[PDB]
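Here's the structure, in structure tokens; my notes come after.
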Amino acid sequence: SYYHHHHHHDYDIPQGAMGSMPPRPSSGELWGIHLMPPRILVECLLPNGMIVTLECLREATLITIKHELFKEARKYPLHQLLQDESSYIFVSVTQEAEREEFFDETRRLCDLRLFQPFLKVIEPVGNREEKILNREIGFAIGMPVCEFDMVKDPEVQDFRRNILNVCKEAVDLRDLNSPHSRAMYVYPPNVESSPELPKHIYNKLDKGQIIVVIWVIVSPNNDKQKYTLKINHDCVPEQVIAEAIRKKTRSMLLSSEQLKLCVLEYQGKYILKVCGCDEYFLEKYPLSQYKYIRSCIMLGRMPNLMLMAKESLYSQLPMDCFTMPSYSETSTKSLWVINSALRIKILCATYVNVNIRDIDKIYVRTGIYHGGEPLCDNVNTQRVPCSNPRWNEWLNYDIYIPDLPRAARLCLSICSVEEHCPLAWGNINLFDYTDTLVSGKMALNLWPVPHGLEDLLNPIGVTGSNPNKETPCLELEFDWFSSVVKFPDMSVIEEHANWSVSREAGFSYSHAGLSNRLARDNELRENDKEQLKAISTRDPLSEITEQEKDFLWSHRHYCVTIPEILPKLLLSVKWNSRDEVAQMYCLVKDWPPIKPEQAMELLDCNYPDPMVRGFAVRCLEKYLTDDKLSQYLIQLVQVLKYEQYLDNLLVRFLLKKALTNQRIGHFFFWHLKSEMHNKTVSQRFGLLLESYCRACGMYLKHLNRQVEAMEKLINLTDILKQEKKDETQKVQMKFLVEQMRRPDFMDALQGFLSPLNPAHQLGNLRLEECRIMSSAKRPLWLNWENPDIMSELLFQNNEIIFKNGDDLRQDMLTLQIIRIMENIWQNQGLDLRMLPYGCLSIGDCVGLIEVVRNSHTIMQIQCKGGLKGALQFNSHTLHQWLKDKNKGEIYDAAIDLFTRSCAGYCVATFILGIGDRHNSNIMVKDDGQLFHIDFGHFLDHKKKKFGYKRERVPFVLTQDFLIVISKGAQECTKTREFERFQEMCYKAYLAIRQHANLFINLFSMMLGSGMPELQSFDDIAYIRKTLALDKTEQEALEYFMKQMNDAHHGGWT
Amino acid sequence: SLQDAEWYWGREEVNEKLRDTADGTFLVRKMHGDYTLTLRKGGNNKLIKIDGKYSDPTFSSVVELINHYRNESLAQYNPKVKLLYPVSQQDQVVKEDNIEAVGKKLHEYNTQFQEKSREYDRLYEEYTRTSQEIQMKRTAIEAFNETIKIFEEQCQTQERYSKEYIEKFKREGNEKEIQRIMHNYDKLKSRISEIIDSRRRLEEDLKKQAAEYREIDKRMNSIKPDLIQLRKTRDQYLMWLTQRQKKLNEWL
Ligand SMILES: O=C1CCCc2cc(O)ccc21
Ligand SMILES: O=C(O)c1ccccc1O
Ligand SMILES: [Cl-]
Ligand SMILES: [Cl-]
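For the record, the sequence lines run as chains A and B. Heads up: the first sequence is residues -26 to -13, -5 to 308, 321 to 409, 417 to 1052, going by the authors' numbering. Heads up: the second sequence is residues 327 to 336, 340 to 358, 363 to 383, 387 to 390, 393 to 395, 397 to 419, 422 to 429, 432 to 586, 590 to 598, going by the authors' numbering.
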């Protein structure tokens, strides 16, 4: 009666059930087993050809093992053929299949990454022991440096040798005014971009002043002394150091004059630390301009600096000591001479996996591209379908060879048959890195079609062949012109432009399709000089019409007056007309530099030209501050994917900044390292990381420790998630602690820097506070002693969540976006307090999240304040819980914080379209600030099923919130408290709308990463509707209200 | 008729109607101008803008202008294809004028679609794990081979030193010396035998893996074209209805 007695016959019940923890796999300490047995047998191969097998402990150093081996070898024959043990080193084959020599004999058996448990004894070849700490490099990298040396490809070899230009330059800037500049690299000043202060910050200062606390130590290394100043906000560290020394050294035994003289001898012996972490104030910015100060002002805190001896600082900086590595056709025939069309011979795909029943026939689709296509897309015939497919036909492309632009690319795809459907795909650069038009035969191993792409061809996809051999390899052949065809010099292109210009000046009275040429003269029409800036203001995703394109192209020379139009102009050039392109090259040559946030568009997939991308990098070189770079560093690392060649300007820009500023370097390493599993970028990012690692100085050794820590945690959780699943928390937690107590973990997980922030040191592990959270992903809650001198002044304990299992990079981006929305709001005076807690992907679905102390999910609020019997939870309990925390005048401020944070997180969320909010993913801190966690999919990715103009409200303010927002009324909809709130939401909504270009562009730049939520520009197009960019701002306000009203049902007009 | 027009709809939802149609397909649509002819050409959408007349050259209406260019190419107006495919969903939806039963069909197809999208997602993970598992198998094979070399070298290494230490002193020790030297050697060589057997056993596993890998791609490719048509039909059924935006969500 329930199911009409209809049987499901296939259904049989002997990871939907327990639906969590998807990404795998990763092998640990020995091949095929995660953690080696505590006691283990290792064959030691001796130089006398004997195998003696020691039983060793898992945790034992090679010093211990050698020492025992050479005791135990005595008992075997041919002992008199051995030297003293000191004349030997251990070698073995590792899991990366390389024979590593083990130089550092303090290393433990579990930490060597052996393939099989065995150790060959040898006298050390390669007499530069020093040099073969390339092992250090390929640890940090996660692939051995020897794997690059045997790459044939000259581009790679050329990258490696030529990139050192950049390293050697950066290392020079460091040892320039040493030791100060070394300190400046290592400890660069953590500083807001603007010295100007928002209105609302200034007004916490009583007429621009701050009480501060400078601290000092005298003898031995114990007692400390405050010196509680009240300086001007905009006074530099040197001035602040004076006043600490003044007050420290005022006396009844010193005259006024005598004091001034004891100040000057002391004043520049010292520099300012931040108590509790390794941050420092080493250059003349206003105190207010350092981030720590400005935080302290907002949080209502008295800053706690420390007076530090420069020599006790310059003590701690070791020398960086850079070393150059071991790796140090007669003018051809110009592309413009070649008198033919392009034709490409498709030959034969080999490895095509298709059901001959299911699929009728298969062919090779093709196209020439430049982001968009410079000719009609063509296929070939549907020949030898499915069973062993082979077409030996020249495809014929209607474009002359000289009209191929520098950044031209072939994009192809094997398809199935309107039954049209892609199997594989792959793209090739028609020009190589040496500017050489491609000729002869090519093997191209193809990529599988990803999730979001239903399209036939995929040209945004990475240029180059798949490294995975066993995949559809479609080989092919390019025309030959008895010569290595090459792309013209700039000199040659300049002339052709200067000519093409003059030639336009004699074209005559009438031209139908004025379109591409002015016919205006030096005087343009005022209605049009208004229509151009009108175009310029529009966002990148408001596509341009052919009228508008031709129009922009005609007035290209006036477009120099309005530099910001450039992105639009460039997309109106016909890249299949070298006449037009050559002219554009001469504009871009001295086009006025533009704001980095506008220039960053020009390094997305829609601007593949080298000259354009150059200009962009030149913009960044001028304007983009070391502050603003490290914000957008994610998008800039991503955007490398769209560079045609290994060696380019963008790479050389970043690599240099990374070696110039150790704080950038830190995140640069991790962001590249993060994506090293992904074979689209493995080689490229590997090569780059090798450069950085080779040139970055001591930090390599620091990174190596952070890297060793993460690997241990990766292993530990991999066991908890496999074979310790279906065990009680009790049993798991017992396993966890047992393991963390072993000396190798104690070694590896204790003295290092948080990758979330290398300013924080991580000291000893407090295992009593380390635990596995209740999630099925088995995340670790880890806790470390802050081993600063002034732990107490900042935080005695540092705790961060390690989570093997989830792809942290969607979160990472939304949190970055929030970071930016906050900044935009605040720096244009209006205070909405977002809390972009720290996130960082360090792997393939492996990462770190910042713990925010003293905060709870609403659900805990309600579980705590919930009366027995369990009938219903009370709406007021949030409010009651919050009242219970903030009592007196403190209350009034806590509701302002709640209200200010709740409006920001309403607008941000609605705009971004993050996952529906509810009690287990919204959090409230004791001081009354609200913030979201676990955002899910960010651009409305559950609209990929159904969807269609849903324009959802993910943060729907239930009663709970509304009560709190209007102090404690009933019928909260009708208070000034809530009127004020609404007007925050409207001012916040419009503020983001005026910067909408940026947000589009940040998303545009992230298309690179294989995030399923960002497969193509239409994904990003949600953010248009939600911001209502096609409408007027007054309509947009009303739109936003309309949206906010219907999700709430009354309140908003 | 100028409201109906067999294609006049009146940005984003244009592109998602122009998604995956052929080279020629078109339709017609903020103080910029009036209507916009969004014509698709080889994976990229071309937008053409529009006293009575509807750039320089006498066409009295919006329907006047598009019938002319359905016959003819657009090169003569602006240098760089025709309006061949006026694509715009009553043809095959079981012609159902039953407003409710078209809504039920939407759910059936949308449950099939969403079923199918998981099958496609599951398999894509198996594929990608299996790539990783395969290349980890391949690297191990090299590791084995390199391991073996070191032992093959080792059994060779002793033959030089051991058979220098048999002949120099044959009487001294003799079958006390050379027995316990031969024991070691016979450990060393059958150990090599075990290793080589271990490698072999991985290669046979690698082929069975590479076979399974082939089978996953095969079935991905057989799921894919159904996932498009099942999707495309759902969007035509869902378009026919909207010819009740909030009523849809429960079926969907
Ligand atoms: O653990 C060490 C090793 C010596 C250098 C050092 C400097 C610090 O500031 C803190 C810790 C440490
Ligand atoms: O697909 C498009 O609409 C498009 C067309 C030309 C250039 C870039 C694009 O994204
Ligand atoms: Cl970060
Ligand atoms: Cl948190």
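We put the beta carbon where it would ideally sit given N, CA and C, even for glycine.
Could you give the distance in angstroms between the alpha-carbon of A:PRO449 and the alpha-carbon of A:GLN75?
30 Å
Classification of B:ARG373 by the beta-carbon crowding that lies within 10 angstroms, buried from 16 upward = Result: buried.
- Query: Among all residues, which have a Cβ less than 6 Å from at least one non-hydrogen atom of ligand 1, and in what chain order do they fall?
  - Reply: The set, ordered by position in the chain, is A:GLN296, A:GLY750.
**Asked** If A:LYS253 and A:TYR260 are in contact, beta carbons under 8 Å, what's the gap, nearest whole angstrom?
**Response** 6 Å
Discussion item. For A:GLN827 and A:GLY451, I'd like the C-alpha separation in whole angstroms.
Written reply: 38 Å
TODO: Could you name the residues whose beta carbon sits closer than 5 Å to any heavy atom belonging to ligand 2, keeping them in chain order?
DONE: This selection yields A:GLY364, B:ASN377, B:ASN378.
### Task
Kindly identify the DSSP beta-bridge partner or partners of A:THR856.
A:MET922
Check your understanding: What do you get for A:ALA1035, buried or exposed, if any count of 16 or more other CB atoms within 10 angstroms of its CB means buried?
Key -> buried
Cutoff 6 Å; reference A:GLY29; Cβ partners in own chain excluding five residues on either side: Spatial neighbours of A:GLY29 in its own chain (CB-CB distance under 6 Å, excluding positions within 5 residues in sequence) are not present.
What does A:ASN444 pair with, by DSSP beta-bridge criteria?
A:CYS472
- Below 7 Å CB to CB, which residues in the same chain sit around A:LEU702 once its five sequence neighbours on both sides are set aside? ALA120, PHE668
Label B:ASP394 either buried or exposed according to how many other C-beta atoms from any shown protein chain fall within 10 Å of its C-beta, with 16 as the threshold for buried.
exposed
Original post:
In terms of alpha-carbon separation, which member of A:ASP138, A:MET286, A:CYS242, A:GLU237 lies closest to A:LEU209?
Top reply: A:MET286
| said: Pop quiz: A:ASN782 and A:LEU764 are said to be a contact at Cβ under 8 Å. What is the actual Cβ separation, rounded to whole angstroms? | reply: The C-beta separation of A:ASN782 from A:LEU764 comes to about 7 Å, placing the pair in contact by the 8 Å criterion.
*A:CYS769: first and last residue of the uninterrupted beta strand (DSSP E) it sits in*: Taken as a continuous stretch (DSSP letters only), A:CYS769 belongs to no beta strand (DSSP E), as it is neither H nor E.
Which of helix, strand or coil DSSP assigns to residue -9 of chain A = Since chain A is numbered -13 and then -5, with no step between, residue -9 of chain A has no place in the structure shown.
Going along chain A in order, which residues have a C-beta closer than 8 Å to the C-beta of B:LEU598? In chain order, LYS944, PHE945 make up the part of chain A whose C-beta sits under 8 Å from the C-beta of B:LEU598.
Practice item. Taking B:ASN378 and B:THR371 to be in contact with their CB atoms under 8 Å, please state how far apart those CB atoms are, rounded to whole angstroms. Key: 6 Å
Quiz item: Any Cβ of chain A within less than 8 Å of the Cβ of B:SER536?
Solution: Contact with chain A is absent for B:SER536, since none of that chain's Cβ atoms lies less than 8 Å from the residue's Cβ.
key: DSSP bridge partner residues for A:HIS362 (one or two, in chain order)   = A:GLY364
query = Does A:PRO447 come within less than 8 Å of chain B when only Cβ atoms are used?
reply = Yes, because at least one Cβ of chain B sits closer than 8 Å to the Cβ of A:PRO447.
- Query: With a CB to CB cut of under 8 Å and the five nearest residues on each side skipped, what residues in its chain are close to A:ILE561?
  - Reply: Contacts found: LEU531, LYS532, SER535.
Roughly how many whole angstroms lie between the Cα atoms of A:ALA1027 and A:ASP538? Between the alpha carbons of A:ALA1027 and A:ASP538 lies a distance of about 11 Å.
> Taking Cβ-Cβ distances shorter than 7 Å, what residues in chain A pair up with B:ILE524?
Replying inline: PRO57
- Query: Quick one: is A:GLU39 buried, meaning 16 or more other Cβ sit within 10 Å of its Cβ, or exposed?
  - Reply: With at least 16 other beta carbons inside 10 angstroms of its own, A:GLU39 counts as buried.
| request: Identify every residue that forms a DSSP beta bridge with B:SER412. | output: Beta-bridge pairing links B:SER412 to B:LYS423.
- Contact under 8 Å by Cβ, A:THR813 with A:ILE913: yes
Assuming contact is defined by CB atoms lying nearer than 8 Å, are A:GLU417 and B:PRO568 in contact in what I supplied? no
Rounded to a whole number of angstroms, what is the C-alpha to C-alpha distance between A:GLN760 and A:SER773?
27 Å
Using the Cα positions of A:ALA333 and A:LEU367, report the straight-line distance between them to the nearest angstrom. 12 Å
Notebook entry, point to check: A:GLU78: buried (16+ other C-beta within 10 angstroms of its C-beta) or exposed?
Noted result: Buried.
_Contact set for B:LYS592: own chain, Cβ-Cβ below 6 Å, skip 5 residues either direction_ = Nothing meets the Cβ criterion.
Would the C-beta of A:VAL923 count as close to ligand 4, meaning under 7 Å from any of its heavy atoms? no
Residue range of the alpha helix (DSSP H) that includes A:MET130 | Per DSSP, A:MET130 belongs to no alpha helix (DSSP H) and is neither H nor E.
Looking at chain A, is there any beta carbon in it that lies within less than 8 Å of the beta carbon of B:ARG514? Chain A, which has no Cβ nearer than 8 Å to the Cβ of B:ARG514, makes this no.
Item checked: A:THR435 versus A:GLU321, A:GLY364, A:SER379, A:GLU365, residue with shortest Cα-Cα distance -> Checked all of A:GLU321, A:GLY364, A:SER379, A:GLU365; the closest Cα to A:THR435 is A:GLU321.
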